[PDB]
Amino acid sequence: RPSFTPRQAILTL
Amino acid sequence: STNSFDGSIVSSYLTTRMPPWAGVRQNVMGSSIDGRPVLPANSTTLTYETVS
Amino acid sequence: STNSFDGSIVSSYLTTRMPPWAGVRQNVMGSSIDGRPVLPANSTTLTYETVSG
Amino acid sequence: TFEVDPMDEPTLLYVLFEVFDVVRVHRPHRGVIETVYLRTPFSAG
């Protein structure tokens with residue numbers, strides 16, 4: 001989403 | 001109209017640590033024990049090396 | 001009262017590289033080889049152009 | 001070393017460079033803008 005490094009990283013909520 | 005004026009700016013010229021040695025304050029005559037005191041803080045008599 | 005003798009401390013107001021050049025060092029009354037009075041003094045040093053003729 | 005003509009008044013010596021300061025207006029989304037702000041030689045962090 002931002003300018004440099006887009007990556008998926010999710011925790012359970 | 002009355003005030004006395006000098007163009008004094010202290011912002012450019014630095015204010016770094018004046019290192020706490022054995023006597024470098026601005027102007028203190030002060031008092032010594034029984035052997036007489038030093039006249040001024042940075043005057044021409046500390047040049048005269050004196051013993052008691 | 002009111003003005004005091006001042007033993008001015010310089011450890012605060014620091015020390016820089018000081019120029020070895022003719023029109024910076026000291027602002028005193030000077031001279032040329034022949035004897036014509038050059039003025040490296042504050043307000044007059046190098047503003048005027050005096051050339052011999 | 002800076003030597004000048006004698007000054008009548010306490011006048012400022014306005015000292016600059018040709019230093020760079022470039023900003024990219026980043027936009028991955030319709031609605032929000034990322035402001036990539038950096039004075040290049042003078043570290044912003």
# chains A, B, ... in the order shown; residues from 1 in each chain; ligands from 1
call {"tool": "interface_residues", "arguments": {"of": "chain A", "to": "chain D", "cutoff": "12 Å", "atoms": "only C-alpha atoms", "output": "JSON, numbers by chain"}}
result
{"A": [1, 2, 3, 4, 6]}
call {"tool": "closest_atom_pairs", "arguments": {"of": "chain D", "to": "chain B", "cutoff": "12 Å", "atoms": "only C-alpha atoms", "output": "tab-separated table"}}
result
residue	atom	partner	partner_atom	distance
D:8	CA	B:7	CA	11.2
D:9	CA	B:7	CA	8.6
D:10	CA	B:7	CA	6.9
D:11	CA	B:7	CA	10.7
D:12	CA	B:12	CA	10.3
D:13	CA	B:12	CA	10.9
call {"tool": "write_last_selection", "arguments": {"atoms": "C-alpha atoms", "output": "CSV table (one decimal), in the first residue's frame"}}
result
chain,number,residue,atom,x,y,z
D,8,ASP,CA,27.9,50.8,9.3
D,9,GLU,CA,25.2,48.7,11.0
D,10,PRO,CA,24.9,45.2,12.5
D,11,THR,CA,24.1,43.6,9.1
D,12,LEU,CA,23.4,39.9,8.5
D,13,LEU,CA,25.7,37.8,6.4
call {"tool": "closest_atom_pairs", "arguments": {"of": "chain C", "to": "chain D", "cutoff": "10 Å", "atoms": "only C-alpha atoms", "output": "Markdown table"}}
result
| residue | atom | partner | partner_atom | distance |
| --- | --- | --- | --- | --- |
| C:16 | CA | D:1 | CA | 9.0 |
| C:17 | CA | D:1 | CA | 7.4 |
| C:18 | CA | D:1 | CA | 7.5 |
| C:19 | CA | D:1 | CA | 6.5 |
| C:20 | CA | D:1 | CA | 9.9 |
| C:21 | CA | D:3 | CA | 9.8 |
| C:23 | CA | D:3 | CA | 8.2 |
| C:24 | CA | D:3 | CA | 6.7 |
| C:41 | CA | D:6 | CA | 9.7 |
| C:42 | CA | D:6 | CA | 6.4 |
| C:43 | CA | D:6 | CA | 5.3 |
| C:44 | CA | D:6 | CA | 7.8 |
| C:45 | CA | D:5 | CA | 8.0 |
| C:46 | CA | D:5 | CA | 7.7 |
| C:47 | CA | D:5 | CA | 7.0 |
call {"tool": "write_last_selection", "arguments": {"atoms": "N, CA, C and O atoms", "output": "PDB file, in the first residue's frame"}}
result
ATOM      1  N   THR C  16      38.386  30.043  16.044  1.00  0.00           N
ATOM      2  CA  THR C  16      38.330  29.594  14.651  1.00  0.00           C
ATOM      3  C   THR C  16      39.719  29.714  14.004  1.00  0.00           C
ATOM      4  O   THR C  16      40.649  30.256  14.616  1.00  0.00           O
ATOM      5  N   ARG C  17      39.854  29.182  12.784  1.00  0.00           N
ATOM      6  CA  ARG C  17      41.010  29.429  11.918  1.00  0.00           C
ATOM      7  C   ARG C  17      41.150  30.930  11.672  1.00  0.00           C
ATOM      8  O   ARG C  17      40.244  31.558  11.111  1.00  0.00           O
ATOM      9  N   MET C  18      42.272  31.498  12.110  1.00  0.00           N
ATOM     10  CA  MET C  18      42.524  32.929  11.935  1.00  0.00           C
ATOM     11  C   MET C  18      43.417  33.209  10.725  1.00  0.00           C
ATOM     12  O   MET C  18      44.545  32.712  10.660  1.00  0.00           O
ATOM     13  N   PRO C  19      42.892  33.986   9.752  1.00  0.00           N
ATOM     14  CA  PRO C  19      43.539  34.408   8.507  1.00  0.00           C
ATOM     15  C   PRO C  19      44.934  35.030   8.666  1.00  0.00           C
ATOM     16  O   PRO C  19      45.099  35.971   9.453  1.00  0.00           O
ATOM     17  N   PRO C  20      45.936  34.487   7.941  1.00  0.00           N
ATOM     18  CA  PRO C  20      47.191  35.208   7.738  1.00  0.00           C
ATOM     19  C   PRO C  20      47.147  36.027   6.442  1.00  0.00           C
ATOM     20  O   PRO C  20      47.690  35.609   5.415  1.00  0.00           O
ATOM     21  N   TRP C  21      46.476  37.178   6.506  1.00  0.00           N
ATOM     22  CA  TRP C  21      46.371  38.112   5.378  1.00  0.00           C
ATOM     23  C   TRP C  21      46.413  39.577   5.827  1.00  0.00           C
ATOM     24  O   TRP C  21      46.060  39.896   6.968  1.00  0.00           O
ATOM     25  N   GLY C  23      44.826  42.523   5.148  1.00  0.00           N
ATOM     26  CA  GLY C  23      43.659  43.348   5.472  1.00  0.00           C
ATOM     27  C   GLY C  23      42.669  42.758   6.462  1.00  0.00           C
ATOM     28  O   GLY C  23      41.526  43.219   6.537  1.00  0.00           O
ATOM     29  N   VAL C  24      43.101  41.747   7.218  1.00  0.00           N
ATOM     30  CA  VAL C  24      42.241  41.079   8.209  1.00  0.00           C
ATOM     31  C   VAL C  24      42.819  41.147   9.627  1.00  0.00           C
ATOM     32  O   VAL C  24      42.078  41.395  10.585  1.00  0.00           O
ATOM     33  N   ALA C  41      43.171  50.332   8.876  1.00  0.00           N
ATOM     34  CA  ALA C  41      42.231  50.625   9.965  1.00  0.00           C
ATOM     35  C   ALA C  41      40.771  50.374   9.571  1.00  0.00           C
ATOM     36  O   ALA C  41      40.420  50.451   8.390  1.00  0.00           O
ATOM     37  N   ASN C  42      39.949  50.050  10.578  1.00  0.00           N
ATOM     38  CA  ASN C  42      38.542  49.596  10.426  1.00  0.00           C
ATOM     39  C   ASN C  42      37.724  50.126   9.257  1.00  0.00           C
ATOM     40  O   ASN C  42      37.413  49.371   8.323  1.00  0.00           O
ATOM     41  N   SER C  43      37.372  51.417   9.298  1.00  0.00           N
ATOM     42  CA  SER C  43      36.475  52.010   8.269  1.00  0.00           C
ATOM     43  C   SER C  43      37.090  52.427   6.945  1.00  0.00           C
ATOM     44  O   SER C  43      36.363  52.639   5.975  1.00  0.00           O
ATOM     45  N   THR C  44      38.431  52.563   6.895  1.00  0.00           N
ATOM     46  CA  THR C  44      39.087  53.051   5.662  1.00  0.00           C
ATOM     47  C   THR C  44      39.837  51.971   4.854  1.00  0.00           C
ATOM     48  O   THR C  44      39.909  52.072   3.628  1.00  0.00           O
ATOM     49  N   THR C  45      40.385  50.929   5.503  1.00  0.00           N
ATOM     50  CA  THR C  45      41.122  49.776   4.843  1.00  0.00           C
ATOM     51  C   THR C  45      40.373  49.164   3.647  1.00  0.00           C
ATOM     52  O   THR C  45      39.211  48.770   3.707  1.00  0.00           O
ATOM     53  N   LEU C  46      41.162  49.192   2.527  1.00  0.00           N
ATOM     54  CA  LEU C  46      40.913  48.829   1.132  1.00  0.00           C
ATOM     55  C   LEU C  46      39.594  49.324   0.471  1.00  0.00           C
ATOM     56  O   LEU C  46      39.112  48.676  -0.468  1.00  0.00           O
ATOM     57  N   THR C  47      38.995  50.471   0.899  1.00  0.00           N
ATOM     58  CA  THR C  47      37.755  50.961   0.220  1.00  0.00           C
ATOM     59  C   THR C  47      38.145  51.992  -0.804  1.00  0.00           C
ATOM     60  O   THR C  47      37.486  52.200  -1.809  1.00  0.00           O
TER      61      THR C  47
END
call {"tool": "interface_residues", "arguments": {"of": "chain B", "to": "chain C", "cutoff": "10 Å", "atoms": "only C-alpha atoms", "output": "mmCIF file with N, CA and C atoms, in the first residue's frame"}}
result
data_model
loop_
_atom_site.group_PDB
_atom_site.id
_atom_site.type_symbol
_atom_site.label_atom_id
_atom_site.label_comp_id
_atom_site.auth_asym_id
_atom_site.auth_seq_id
_atom_site.Cartn_x
_atom_site.Cartn_y
_atom_site.Cartn_z
ATOM 1 N N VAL B 10 24.552 38.018 20.850
ATOM 2 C CA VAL B 10 25.185 36.875 21.529
ATOM 3 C C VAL B 10 24.840 35.544 20.830
ATOM 4 N N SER B 12 25.269 34.542 17.497
ATOM 5 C CA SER B 12 26.258 34.017 16.556
ATOM 6 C C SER B 12 27.429 33.373 17.294
ATOM 7 N N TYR B 13 28.095 34.162 18.138
ATOM 8 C CA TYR B 13 29.256 33.716 18.908
ATOM 9 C C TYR B 13 28.825 32.762 20.021
ATOM 10 N N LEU B 14 29.423 31.569 20.020
ATOM 11 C CA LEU B 14 28.982 30.432 20.843
ATOM 12 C C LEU B 14 29.031 30.628 22.360
ATOM 13 N N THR B 15 28.337 29.742 23.073
ATOM 14 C CA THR B 15 28.453 29.624 24.524
ATOM 15 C C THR B 15 28.675 28.145 24.873
ATOM 16 N N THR B 16 29.910 27.703 24.638
ATOM 17 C CA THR B 16 30.370 26.353 24.963
ATOM 18 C C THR B 16 30.904 26.358 26.403
ATOM 19 N N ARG B 17 31.001 25.170 27.002
ATOM 20 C CA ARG B 17 31.448 24.984 28.390
ATOM 21 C C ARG B 17 32.752 25.711 28.746
ATOM 22 N N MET B 18 32.685 26.528 29.796
ATOM 23 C CA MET B 18 33.876 27.092 30.423
ATOM 24 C C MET B 18 34.317 26.052 31.451
ATOM 25 N N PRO B 19 35.449 25.361 31.185
ATOM 26 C CA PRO B 19 35.799 24.152 31.929
ATOM 27 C C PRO B 19 36.207 24.447 33.376
ATOM 28 N N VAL B 24 39.139 29.964 36.861
ATOM 29 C CA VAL B 24 38.899 30.687 35.596
ATOM 30 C C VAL B 24 37.511 31.346 35.528
ATOM 31 N N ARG B 25 37.036 31.830 36.676
ATOM 32 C CA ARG B 25 35.775 32.580 36.767
ATOM 33 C C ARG B 25 35.973 33.996 36.208
ATOM 34 N N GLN B 26 34.871 34.705 35.949
ATOM 35 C CA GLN B 26 34.923 36.011 35.262
ATOM 36 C C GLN B 26 35.675 37.121 36.024
ATOM 37 N N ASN B 27 35.181 37.491 37.209
ATOM 38 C CA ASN B 27 35.802 38.524 38.047
ATOM 39 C C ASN B 27 35.434 38.342 39.521
ATOM 40 N N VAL B 28 36.291 37.623 40.247
ATOM 41 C CA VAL B 28 36.140 37.439 41.696
ATOM 42 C C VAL B 28 37.468 37.739 42.398
ATOM 43 N N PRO B 40 42.062 40.859 41.374
ATOM 44 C CA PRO B 40 41.055 40.449 40.304
ATOM 45 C C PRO B 40 40.893 38.896 39.945
ATOM 46 N N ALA B 41 40.014 38.608 38.925
ATOM 47 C CA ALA B 41 39.694 37.277 38.340
ATOM 48 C C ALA B 41 40.689 36.898 37.219
ATOM 49 N N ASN B 42 41.058 37.881 36.385
ATOM 50 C CA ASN B 42 41.983 37.770 35.254
ATOM 51 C C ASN B 42 42.743 39.095 35.034
ATOM 52 N N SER B 43 43.460 39.500 36.085
ATOM 53 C CA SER B 43 44.247 40.739 36.096
ATOM 54 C C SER B 43 45.754 40.453 36.139
#
call {"tool": "residues_around", "arguments": {"residues": "residue 23 in chain D", "least_positions_apart": "2", "cutoff": "7 Å", "atoms": "only C-alpha atoms", "output": "MDAnalysis selection string"}}
result
chainID D and resid 21 25 36:38
call {"tool": "write_last_selection", "arguments": {"atoms": "N, CA, C and O atoms", "output": "mmCIF file, in the first residue's frame"}}
result
data_model
loop_
_atom_site.group_PDB
_atom_site.id
_atom_site.type_symbol
_atom_site.label_atom_id
_atom_site.label_comp_id
_atom_site.auth_asym_id
_atom_site.auth_seq_id
_atom_site.Cartn_x
_atom_site.Cartn_y
_atom_site.Cartn_z
ATOM 1 N N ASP D 21 16.809 20.086 -2.268
ATOM 2 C CA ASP D 21 15.635 19.683 -1.492
ATOM 3 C C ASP D 21 14.507 19.335 -2.469
ATOM 4 O O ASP D 21 13.846 20.225 -3.020
ATOM 5 N N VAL D 25 5.517 13.646 -4.731
ATOM 6 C CA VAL D 25 4.142 13.598 -4.236
ATOM 7 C C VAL D 25 3.561 12.225 -4.599
ATOM 8 O O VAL D 25 2.946 12.040 -5.658
ATOM 9 N N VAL D 36 6.678 12.648 0.381
ATOM 10 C CA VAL D 36 8.068 12.200 0.520
ATOM 11 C C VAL D 36 8.973 13.434 0.635
ATOM 12 O O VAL D 36 9.507 13.936 -0.362
ATOM 13 N N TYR D 37 9.121 13.918 1.869
ATOM 14 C CA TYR D 37 9.866 15.143 2.171
ATOM 15 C C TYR D 37 11.287 14.873 2.654
ATOM 16 O O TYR D 37 11.489 14.166 3.646
ATOM 17 N N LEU D 38 12.261 15.441 1.939
ATOM 18 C CA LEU D 38 13.680 15.305 2.281
ATOM 19 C C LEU D 38 14.537 16.470 1.779
ATOM 20 O O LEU D 38 14.602 16.736 0.573
#
call {"tool": "select_by_dssp", "arguments": {"residues": "chain D", "states": "strand (DSSP E)", "output": "list in words"}}
result
residues 21, 22, 23, 24, 25, 26, 27, 28, 29, 32, 33, 34, 35, 36, 37, 38 and 39 of chain D
call {"tool": "residues_around", "arguments": {"residues": "residue 29 in chain C", "least_positions_apart": "6", "cutoff": "9 Å", "atoms": "only C-alpha atoms", "output": "JSON, numbers by chain"}}
result
{"C": [37, 38, 39, 40, 41]}
